[PDB]
Amino acid sequence: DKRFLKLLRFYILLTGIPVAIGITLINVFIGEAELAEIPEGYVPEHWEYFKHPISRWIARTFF
Amino acid sequence: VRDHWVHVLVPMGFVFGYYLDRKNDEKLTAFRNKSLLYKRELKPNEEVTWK
Amino acid sequence: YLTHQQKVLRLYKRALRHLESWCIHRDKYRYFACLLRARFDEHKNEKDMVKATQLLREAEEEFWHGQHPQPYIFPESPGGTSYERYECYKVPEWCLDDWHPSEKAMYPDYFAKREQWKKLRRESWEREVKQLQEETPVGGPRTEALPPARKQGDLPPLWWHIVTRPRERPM
Amino acid sequence: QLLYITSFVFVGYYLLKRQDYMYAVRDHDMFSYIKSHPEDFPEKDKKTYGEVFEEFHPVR
Amino acid sequence: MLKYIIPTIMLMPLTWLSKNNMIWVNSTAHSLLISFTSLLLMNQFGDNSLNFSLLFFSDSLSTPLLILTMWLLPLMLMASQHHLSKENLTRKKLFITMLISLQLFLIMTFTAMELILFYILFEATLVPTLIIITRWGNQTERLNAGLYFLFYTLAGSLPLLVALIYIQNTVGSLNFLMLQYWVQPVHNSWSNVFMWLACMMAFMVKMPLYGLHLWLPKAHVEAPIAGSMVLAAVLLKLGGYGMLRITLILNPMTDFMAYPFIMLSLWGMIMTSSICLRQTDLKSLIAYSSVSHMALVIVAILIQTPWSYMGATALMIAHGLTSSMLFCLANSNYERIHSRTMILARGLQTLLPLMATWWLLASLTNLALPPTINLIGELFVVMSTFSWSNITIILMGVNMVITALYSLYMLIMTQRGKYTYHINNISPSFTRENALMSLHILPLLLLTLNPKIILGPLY
Amino acid sequence: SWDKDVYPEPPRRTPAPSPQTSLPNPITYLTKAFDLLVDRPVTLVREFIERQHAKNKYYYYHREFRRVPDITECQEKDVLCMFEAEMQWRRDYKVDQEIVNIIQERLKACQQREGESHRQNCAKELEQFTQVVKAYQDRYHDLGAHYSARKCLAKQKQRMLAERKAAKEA
Amino acid sequence: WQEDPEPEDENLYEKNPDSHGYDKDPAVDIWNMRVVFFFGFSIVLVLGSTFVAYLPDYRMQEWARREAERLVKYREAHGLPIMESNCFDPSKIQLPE
Ligand SMILES: CCCCCCCCCCCCO[C@@H]1O[C@H](CO)[C@@H](O[C@H]2O[C@H](CO)[C@@H](O)[C@H](O)[C@H]2O)[C@H](O)[C@H]1O
Ligand SMILES: CCCCCCCCCCCCO[C@@H]1O[C@H](CO)[C@@H](O[C@H]2O[C@H](CO)[C@@H](O)[C@H](O)[C@H]2O)[C@H](O)[C@H]1O
Ligand SMILES: CCCCCCCCCCCCO[C@@H]1O[C@H](CO)[C@@H](O[C@H]2O[C@H](CO)[C@@H](O)[C@H](O)[C@H]2O)[C@H](O)[C@H]1O
Ligand SMILES: N=C(N)NC(=N)NCCc1ccc(I)c(Cl)c1
C-alpha cells in the first residue's frame, strides 16, 4: 500500500510540477489579453476571441 | 528498430485519421463565406476564409 | 443439556447479579444477598425431584418479574460497552507470511523464532491427525471434546489456533 | 495473396460501375417522369412560419 | 471522427503483431493515448453541435459518453489480464480484439447522425458482448445469460427497425440534424401508440426499465469482469442515449404515453433498492443497484425538462464510473476467494487497509454524497420531478434513504466486523488493483471541480 | 473593473470614528499590522507582475453576431434558413438567461447591502426582478427539453391569440 | 474421466515479492506498471485536467455574460425594457382568423 501511494504521488508530480510551474511563468511573463474594440476593417482570427494565453493556444492549435 | 516498430501504428492511425477528417471538410465547402451570419469580403491576400 | 443442579446454580448467580443491580450500595447488597441465599438453603435438601422442579420453575417466573430492566454488565462481557472493542486490532498470524522481505528484516529475531514454531507445527501435524483417528469411535465423535497428548514429545491435537490466537490487547 | 487482392479489386471495380450506372438511370427516369407529368408534381406555394399555425404543447 | 476510428482499429494489428509477452503493455499504453486525444471533442459550441461530416457528429450529449467509452478500454484491459493469465496466447488476443471491436462500435454508435446507422451499430454491440460473456464467462449459466441478453434486446430492437424505416419513408430522412427541423407533432391514434412503443421499448430494455430488468442480474453474475465493466459503464447508456435522441420526434404523445413507464420507474427504483438489502451475491447486488439508478434516468428522460436532461446526462456518466468501480472492487475479492457471496469474507478492512478506502469512496459516490457528480445528477432529477408533481419527493426521498442503507450495508458486511477465520489467502493488494481503483475514482471526483462538461446539451 | 451602470452601487457613507473610551482600539492597531505585513508585500508582488504584463500587451475581442432572419421569415421545411434562424434564437436564449442572472445579482447584492432595512430599500431591484422574470417566463418557460425557435413561436402565437380574444371580449 | 485435475491457484508474490500484479515476468511486470502510471496519471489525468480547465469558453458561457451586460447597459441607457415578453416581432406574424 505504501509503495502504490508513493508511485501514485511520483507520477502525478512528474508532469504536475512542470505544469504548475509552466502555468505560473505564463501568467507572470505573458499575462492575459486586454479587452479591446474590434478595429474598423479588421477581422480577428477565431483564437483572438479568448483572453487566457493557454485558452488561445488551445483554440489556435486544435480547435 | 524491429523491436519497437509496432509503437507507430496507433500514432500513424491518428495522423491518417486526422488527415482524412480534414480532406472530408474540403467536400463540404458549399457555404464557405456564404452564410448570412459569417459572410464577408475577402482579406487583401486571403484566398479562402477557412479550410 | 443442563442438569437440574446446573440450572439451579445458574439462577442463583443470575438472581444475585440482578439483586446487585437494584441495591447498588454494597452494605445493602450484602444484606439482601444473604436473605436470597437463605431462600436457596431453605430447599437445598428437597429430595422429591418433582417438587424440586416446581420450585425451580416458580423461582424462574419470580426472577422474570423482578429482574432489573437494565442490569449491570461487565464492560467486556457480551452486550457490554467494551465488548468486541479490540477485534479491529486483532490480526491473524498468517498475515506475516505476506510481509515484504524488507519488513521482515526489521525483526530478524522475531521471525527466526517464528520459523521454529512453523517447523514445530509441520512436524506435529501427522501425529495429531493419527491420534484423533485412532481415538474416535466408528460413527465419528459424539462430543466436541479433544484429547490431550499421550506420549512425551507429542502436542495435543489441534493446538495451533488456540496457542497462537491474537492477544486480548494486541496493539 | 496478391491475386486475392487483385481479383477482388478487378471484379469490385466493374460492380461499382454498374452500381453507379443503375442509380444514374434511376434518377434519369425519375426526372423525366416528373417533367412529363407536371400536373402530378405541382410546385406548391410555401408559407413562412410566421404565417403557418402550429399548436403549442407545453411541457410542464 | 476518423481520427478516433482509425487509431482504434489500429489497436488490432498492434495486439496481433506485438511480442508474445507485450500484448497487455502495448494495448493498454496505446488505448490510453487514444483516450487522451478524445478530449479534443470538448470543442463544443453554445448553439451548434460539432458536425464533422455527413456520417458523424458530436454534441454535448455524445462527447462525455465518448470519453467514458474510450477511457474504459484501458481500464478493462488492466482488469482482465490477471484472470486470463493461463489462457493461450491466441485466445488472449481474440479477447482483446473483442474489446477493441466493442469500442469501435460504441464510438460510432454515439456519433452517428443517421438513425439507421445508429441502429446497426447499436445492434452490432450485441455480438462482441455476447461472445465475451459466453466464451470467457466462468460458470455453466453463462450460456443462458447470453441467450436472455440476446433475445431481450432483439425482442425490442426488431420493432424499432420497423418504426425507423417507417419514419424515414414518411419524413424522408433519419438524419438527426434534419429531424430537428422537419419534426412534426405525433397525433393521437392507435397507429401512433404502437409507433411510440416501437421507438422506445428497445431502449427501455437496455436501460433497463423495471419489469424488463431480470436479464441484467443474470448477465452480470455470469460475465467476466471486463464484460461487467462495459455492460454497466456504457452498454446500459445506449438505451439512455437512444431515448434522449428519439424523444425529439415523439411529442406531444409522450405527455401521456410516459405515465406507465414513470410509474414503473418511480416504483421500480424503490423495489430494486429494497431488493439490494437482501441480496446474497455481491455482483447481483451491484446489478440491482444499477437498475435503481437507471430508473431515475428513465424518469428524467420521459418528463423532458432542461433540468432533467442535465440530470440524466450527469447520472449516466457518474453511474458508469461508480458501478464499474464497484464491479472491480467485487472482482478483486473474487480473485482471492473465488466466490461472489457477500457474507463469505468479512472484516477485510483489517487485512486490506487501502483497498477498504476504495470501498468507502465507491460507496459514498453510490449513495450520492454532495458534491459528487452522482449527487449533482440525482439532485437535478429530483428538482425537476418535483415540478412535474410535488408528491414524487416522497418516493425520491425514500429511495435516497434505502440507497444509503444498502450502500453502507455492503461496505459494513465485507469490510468491517471480524475477519473470517478460515480464509487465509488474502494477499496484499497489487499495484495493478490499486491503480485500477484509482483510475475510476480520481476522474470521477475531479469532475466535481468542473461539472459543466458532463451536463449535456441543455447546459 | 466592471461597468458601474450594469452593476450599480450607491455612494458609500462611512461614519468617522467617534471614540468615547480611553482604551486603544485593538482593531486599529491590527489594521496597521495587516497593512504593513500583509497588504504592502502583496502589493509589491502585484506591481512586479503588472510591469511584466505591460512589456507584452495584446488584445482579445468580444464577438459580434450579425442579425439574420428569424424563424418567422423562414419558409416551412427550408432547413438552410431555419438553421441560421434557429442558431440565432439559441444565442439569444443564452443571453436572456444571463440578463436574468444580472438582475438577480442586483437583487441579492441590494438585500445584503441594505441590512435590516432591505425590505423598504430594495423595492426597485425587486420590481425590476419581477418584470424580467415575467418576460423571461413568457418567452421560454414550458417549452421542454427539445425546445426550438418553432416551439417558442407556437407559444407566442398562442399567447397573442388569447390576448386578442380577451381584448375582443373587452 | 480422462480429465486434468484443477490446478492450484498461484500467488504472484511467492516467486516475485516485488510483483506489481501485472505479469509473472519481473521485467514485463515493471514496464506494464510504468505505462499505466505514466500514460494514465502523468498524461491523461494531469494534462487532461489542465486541458479541461483552460477550454476556450466552453459553449460560449462567458460570451453570453459579456453580451448580456452590453444589452443591459444599452437598454437601460435608452429607457427600453430589459427584456420583452415577445421573442418575435409581432409585425412579422400573422395570426389566423
Ligand atoms: C503549463 C504548460 C501548459 C502548456 C500548454 C500551453 C502552451 C502555450 C503557452 C502560451 C504560449 C503563448 O501564448 C500566446 O502568447 C501571445 C502573447 O505573448 C499571444 O499572441 C498575441 O500577442 C503577441 C505578442 O506576444 C502577438 O504576436 C500578437 O499580438 C498576438 O498573436 C497568443 O494569443 C497567445 O496564445
Ligand atoms: C487533450 C490534449 C489532446 C492532445 C492531441 C494530440 C494530437 C495533436 C494534434 C495536433 C494537430 C495540430 O495541427 C495543426 O497545428 C497548427 C499549429 O501547430 C495549427 O496552426 C493553424 O491554427 C489556426 C487554424 O485556423 C490558424 O491560426 C493557422 O491556420 C495556423 O496557425 C493548425 O490549425 C492545426 O491544424
Ligand atoms: C500481395 C500483398 C501482400 C501484403 C502483405 C503485407 C504484410 C506481409 C508480411 C510478410 C512477412 C510476415 O512474416 C511473419 O510475421 C510474423 C509477425 O510479423 C512473425 O511471427 C511473429 O510470431 C509472434 C506473433 O504471432 C511474435 O513472436 C512476433 O510477432 C513474430 O515472431 C514471423 O516470424 C514472420 O515470418
Ligand atoms: N417492383 C419494385 N417495387 N421495385 C423496383 N424494381 N422498382 C423500380 C424502381 C427502381 C428502383 C431502383 C432503381 I437503381 C431503378 Cl433503375 C428503378
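Lettering of chains follows the sequences in order, A, B, ..., and the numbering in each one begins at 1. Note: hydrogens, waters and symmetry copies are ignored here, and every other heavy atom, side chains too, is used.
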Margin query: Can you confirm whether more than 12 heavy atoms, excluding those of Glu46(B), are under 6.0 Å from its CD atom?
Written below: yes

Margin query: Both conditions, 6.0 Å and 45 degrees, for the charged tip of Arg245(E) above the ring of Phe176(E): are they met here?
Written below: yes

Item checked: Heavy-atom donor-acceptor pair, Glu123(E) side chain to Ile120(E) backbone, under 3.5 Å -> no

Note to self: Is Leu28(B) close to chain E through its backbone or its side chain, or both, or neither, when contacts mean heavy atoms under 4.5 Å?
What the structure shows: side chain

Check: Applying the side-chain contact (heavy atoms from CB on, under 4.5 Å) test to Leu99(E), which of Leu72(E), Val230(E), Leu104(E), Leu77(E) qualifies?
Finding: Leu77(E)

Contact origin within [X] toward chain B - heavy atom pairs under 4.5 Å:
X        : value
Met1(E)  : backbone
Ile9(E)  : neither
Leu33(E) : neither

Next item on the list: Find the one option among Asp25(B), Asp21(B), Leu9(B) whose heavy-atom pairs under 4.5 Å with chain E are most numerous.
Entry: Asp21(B)

Check: Who wins among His30(E), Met10(E), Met22(E) for the most heavy-atom pairs under 4.5 Å with chain B?
Finding: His30(E)

Note to self: Is any side-chain heavy atom of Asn43(E) closer than 4.5 Å to one of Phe45(E)?
What the structure shows: yes

